[PDB]
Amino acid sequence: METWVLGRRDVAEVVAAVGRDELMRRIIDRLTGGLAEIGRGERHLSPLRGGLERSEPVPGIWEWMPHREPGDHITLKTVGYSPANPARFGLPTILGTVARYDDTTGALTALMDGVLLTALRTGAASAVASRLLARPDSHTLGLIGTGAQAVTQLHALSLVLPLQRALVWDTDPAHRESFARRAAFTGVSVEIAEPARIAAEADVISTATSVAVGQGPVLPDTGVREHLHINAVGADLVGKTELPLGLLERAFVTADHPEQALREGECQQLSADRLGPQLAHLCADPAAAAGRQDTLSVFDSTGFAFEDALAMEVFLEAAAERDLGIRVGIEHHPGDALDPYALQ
C-alpha cells in the first residue's frame, strides 16, 4: 500500500481537462446532495474545527478540519489563513492541503492540494445558498473583498443566477483594480463601486475580506434592496465579523454549521435563539426557505470539513478516471508489524 498523491500539476490537469464551469457545477451538485443528506439525518455535520492563532506578521490562524465517513475514510483538511501572504510573499492568503485516511486501518491513502479545492467548494456553497435565498432573476452581484475567494464567489454565482454585472470594492486599490482581469472569463462585467453603492444596488452580495478582528463592518448599515441575499464568507479568527449588527438583526440568517458560526461566523453577533434553520435543513426541506427570497437573507458561511471531503471526492473521481497522480510509500509498513525497526 502506498499513498496516492495528486500534485498541483495533477489538480491543474483535472480543471484543464474538465473545465472550470463543469468542475464547479459538479461540486455545486455534490454539495447540494450532501447537504440534503445531512438535513435528512442520513449524515452529520463535521465536528468543530480547531486552530492555532498566529500573530505575525499580521494576525492569522492555522486550522485542522476532520470529517469521518464511518467504515470508509477520514478526511482531514489542514489550512492556513495568513492575510499578509499576497503582499509579503506572493503566496495565497489561504494555503492548505487535504488528506484521506482509511477508516479501517488508519493508513494515509490520498493527499492533494487544498488551495484550489477550498476556493471551489466555498464558491459552490454560496451558490447552493443563493439558489435557495436569492431572487432567481438576480442580475447585480456585489463583492466586498476582491481577493482569491471573490473569484470563485463570482464564478459560482454566475452559474446559478443570471448575473449581468458585479459591483466590487476592496480596501486595497490594486486588488480591486485587478479584479476585472481575474473575472473576465465569466463574462460578467465588473465595475468598481463603493460599499454604500453596492449595498443600495446589489441583488446579491458576497463579503470575503481579510478584515481584522473588530474592524467590521465592511458593508455599511444603510439602505439595501428588500430582496437582498448576502453570503457572509469572511471567517478566520474569533471576533472577526463583516456585517453590521442592525442589518443582521433584520435578516433571515442561515448558517452552514450553527455551532461553528456562533463561534466564528456572523452569528457571533447574534443570540443563538435568533438563528434560522441551517443550510442543510434548507436543502432537505425547502419549506424553511419558502418566501425568504423576497426579504433580506444572510448565509453565514464558515466552511466545514464535509464540504472538503465532497470536493476531494469530485477531484479523485476525475483523477482516478484519468490515472493521474503518483504513488509514494510514505508510511513505514514493517514486514513484521510488531517490529518498528524491520525497515523492510
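Here the rigid core means the biggest group of C-alpha atoms that line up within 1.5 Å when the two forms are laid on top of each other. One rule holds for the numbers: they count along the sequence shown, beginning at 1.
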query: Which of 286 to 294 and 301 to 309 strays further in 7 other deposited structures of this protein - Cα RMS after rigid core alignment; finding: 286 to 294
query: Per the entry, higher mean C-alpha B factor between 138 to 146 and 217 to 225; finding: 217 to 225
query: Comparing 299 to 307 with 286 to 294, the one whose average Cα B-factor in the PDB entry is higher; finding: 286 to 294
query: Top Cα B factor in the deposited entry, candidates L247, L120, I94, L154; finding: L247
query: Ranked against its chain, the third holding the CA B-factor of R327; finding: highest
query: Entry-reported Cα temperature factor of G51, expressed as the chain third it lands in; finding: middle
query: Where the record places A272 (Cα B-factor, split into thirds across the chain); finding: highest
query: Ranked C-alpha temperature factor of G187 among modelled chain residues, by third; finding: highest
query: CA B-factor ranking of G33, expressed as a third of its chain; finding: lowest
